[PDB]
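Given next are two forms of a protein chain, the same chain in both, each as structure tokens and marked structure 1 or structure 2.
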Structure 1
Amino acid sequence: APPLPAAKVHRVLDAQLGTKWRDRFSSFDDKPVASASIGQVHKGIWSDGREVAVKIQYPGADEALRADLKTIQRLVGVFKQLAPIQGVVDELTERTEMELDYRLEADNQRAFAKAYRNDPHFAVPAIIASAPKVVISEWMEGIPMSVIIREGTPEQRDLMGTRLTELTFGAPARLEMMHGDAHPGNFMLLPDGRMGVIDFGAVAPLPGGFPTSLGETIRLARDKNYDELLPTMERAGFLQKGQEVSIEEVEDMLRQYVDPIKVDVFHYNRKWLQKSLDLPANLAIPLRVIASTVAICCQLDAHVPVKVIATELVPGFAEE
């Protein structure tokens, strides 16, 4: 059965937070608001009156999944033999092992919470208590990004896209991290106009922030300055030296990043959307997160001033 019994919930809270956990609450609702992913979320009222979310993991989930990962690795071994993409295996081992210890995502969320405290554009729920199998955070509600994808005014969609773009370009500058690969479930629209970010399970660390070579590359690509574009690309890791590349192939490569900054306000959309081999990680991560944000923006059909935000936040993009 999907919902875990109250006794087991109390057992988890006892094992993780102690037998006196109830003293930290003004109230605690023993029936789960959500209950799917090897565990469930409860709503409660903390001692100071703040509404709180309490994520609690199923007791047997840990070892079960730990065995299952080894299992899937082999089975695909057999598959590798049978028909020569296992990156999927790496990828979901990586995403799954995050859930074995909530403290990881909790720490990422802490980082973003301090970095974006009292920010006029972003809202991050504060981590109140953290344990391997239990994590308590501030309850935060607003219009989910999925809802805004399906319905809602163009103004709202443009706002969400703008917020996500600002998050993508601005995160590595504020703290040496990126929010990572996201889906619209991670975001919501608060009444005051801020974007709420409530999932940090795929946060990517990025020491030093964006390499200036990115902004340089996109800028020079827009300016058609090939003679200075190519060396900056070879320096960025975009290209290898001694590589026969056609100029189109370059354009083909960079249009995904250059087209939105050709104009003052670019209209992200699905239709436009339709159209790493020894890379350095400090280049590979930005491209992937940016791709994520672009996909979401196209889902939002958002009109985003990417040129201004880049110019302000992306190193090396501003005119020299």
Structure 2
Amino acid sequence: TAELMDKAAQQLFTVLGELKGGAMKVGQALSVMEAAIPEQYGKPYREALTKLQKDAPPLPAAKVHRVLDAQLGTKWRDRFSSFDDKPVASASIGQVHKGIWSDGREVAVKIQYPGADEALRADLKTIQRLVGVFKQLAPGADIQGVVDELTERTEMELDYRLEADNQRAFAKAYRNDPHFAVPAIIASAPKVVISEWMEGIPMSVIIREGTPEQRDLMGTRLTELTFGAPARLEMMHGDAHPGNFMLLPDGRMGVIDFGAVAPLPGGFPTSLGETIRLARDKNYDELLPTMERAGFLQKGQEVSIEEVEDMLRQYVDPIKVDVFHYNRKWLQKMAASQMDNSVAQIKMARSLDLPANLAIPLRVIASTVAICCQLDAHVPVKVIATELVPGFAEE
């Protein structure tokens, strides 16, 4: 009901508002939920998130210098023609400065925030408590996946060298690509990563103020990145935030943050594309056994065709048409509770028999979809899935 909705909204904003000091990671991680919760909460929600990242104190220049000393060595300044002490932005667990390398190249220097591990912990339990709230505000959305990602990052060490290696992997896979640009890695260390500076319009800016063409283009690029990275280098860019992306003057999307890259050995399983095609064809005779074999449906659990159609609708709708209009209203409709009790709501992303190489794709797809809806992007999902998603193309 509307009253329970009000209750949950109150609780959410209470928790967010009580957080003073640092909750940067929470504020980022919660972005995917923004276009899913009821519109009447959209404005304060955004604001809350913004504040969580505003009230996060920047690293003083002296502290930054000490990190650079510890990570790169006493003579770190010798690596630079110049270094700008005033931070230009914040990316995940890092503060970004601009500099000029000794060879003249403009560079981005990302310095990890010192207390970051413990920060990630406190923020994880923060989100954990909010799962109930979100399940009330947007039952059709997957807050559990947000918790899952955060948990998977509290899980290992925050070694920027891994991030840098993954960035190099993408830079190699997308070298001279007509649609994507990846900044070249220049140097790395557990708490520092230095790359070539990349100039463009931040996606967050496009989400707020972009022309229809800019919005459509960025959504289309993100969709191609999501469907294509597994085929091109057996990874996914991963749980994304608009801060990860920018629009370059030459029409390419720049990808500047790789902190959430997920390995996907073998790429997309064919069962994913097959499942969506069969669902669109309403070929239930083949669909249900395909899903049970793949793990989309838990084995031994009786489900109706109507329940299956409901669970697949969010994946099928965008490829029913040549160009799908991702938008907040559609997403908010997907996330909302059921009208009545006619069909039970089963989330196949949450299936108990779902293997990791299906779980990760579903999570990253949902991230991408959320961002496309925030962008209000028109995307030719159908042709992109036909080209890139195994098993989706007609046989």
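Structure 1's sequence is the ruler for residue numbers, which start at 1. Rigid core (definition): largest C-alpha set, two forms, superposition within 1.5 Å.
> Just flag whichever of structures 1 and 2 is the form whose entry title says "open conformation".
Only structure 1 fits here, because that chain is the form whose entry title says "open conformation".
> After superposing the two forms on their rigid core, pick out the one entry in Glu151, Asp227, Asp223, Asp90 with a CA shift of 2 Å or more between structures 1 and 2.
Meeting the 2 Å or more criterion is only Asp90.
> Return yes or no for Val263: a CA shift of at least 2 Å between structures 1 and 2, with the rigid core superposed?
No, because once the rigid core is superposed, the C-alpha of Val263 moves less than 2 Å between structures 1 and 2.
> Taking the rigid core as reference, does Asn282 move its C-alpha 2 Å or further between structures 1 and 2?
No, shifts by less than 2 Å.
> With a threshold of 2 Å on the C-alpha, tell me if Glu105 counts as moved between structures 1 and 2 once the core is superposed.
No, shifts by less than 2 Å.
> Upon rigid core superposition, what is the positional shift of the Cα of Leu189 between structures 1 and 2, expressed in Å to one decimal?
Here the C-alpha difference is 0.1 Å.
> After lining up the core, report the Cα displacement of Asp48 between structures 1 and 2 in Å, one decimal place.
Rounded to one decimal, the shift is 3.7 Å.
> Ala236: how big is its Cα shift between structures 1 and 2, in Å, with the core superposed?
Here the C-alpha difference is 1.5 Å.
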